[PDB]
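Just one chain is shown here, as structure tokens, and it is the form deposited in one PDB entry.
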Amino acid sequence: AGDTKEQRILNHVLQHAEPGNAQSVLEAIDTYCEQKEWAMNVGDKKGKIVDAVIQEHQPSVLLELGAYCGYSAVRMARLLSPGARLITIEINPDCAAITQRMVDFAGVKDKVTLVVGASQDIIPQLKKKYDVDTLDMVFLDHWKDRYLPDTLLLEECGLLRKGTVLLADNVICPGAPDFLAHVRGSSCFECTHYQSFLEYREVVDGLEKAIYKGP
């Protein structure tokens, strides 16, 4: 179509990336967003921090909040082992449609379960509908005012265990100070900050890793 920025990001990938080649898809999205239209993909610089977290902790059951065009889903899915699952939750059904196409194009279809709906509604269904016991890792990257209540909801729903890894993008810009005060101030988390930059910009941003210690 070319009507929305999201459709234009996808079109660019369709025109320039190699199918089945996750790295190719990510480079194409990053190039377009660096050069033509800024978009809220975690991007390549903060992407390397995301990579490093996945490579250290090696999650088999991963949850992502906020899928957008599929950039981070592809980024994380490409590093996952055979049999590993990425469940990604996306509120905007038009973003979701782009994400499925992006994931299919990149060759990581079988790693990904895309769910359309609000994280606050879908999180408490994970046990009942999606075969989840507890989560290995969660990537928080949706509207920043949802970080705190969704972390509280994840805990309450029984989805965190000793060693569950939370990784939150944008804890500086646009920021999530209430979420940070909670995880850093609670003895139930061990936290690490990764200072970086907002995607495609020179504005300072950061990620926070928070490891659940158990209740």
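Here, rigid core means the biggest group of C-alpha atoms that superpose within 1.5 Å across both forms. Residue positions are given as counts along the sequence shown, with the first one as 1.
Keep in mind the form deposited in another entry is missing from the figure; the text below concerns it.
With both forms fitted on the core, give yes or no for whether the Cα of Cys191 moves by 2 angstroms or more between this form and the one not shown. Comparing the forms between this form and the one not shown, which are aligned on their rigid core, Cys191 does not shift its C-alpha by 2 Å or more.
Cα-Cα shift for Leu207 and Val112, closer or farther in the other entry, minimum 3 Å: Residues separate in the other entry, at least 3 Å farther apart.
Classify the change in Cα distance between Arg201 and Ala96 in the other entry as closer or farther, relative to the shown form (magnitude of 3 Å or more). Their C-alpha distance shrinks by at least 3 Å in the other entry.
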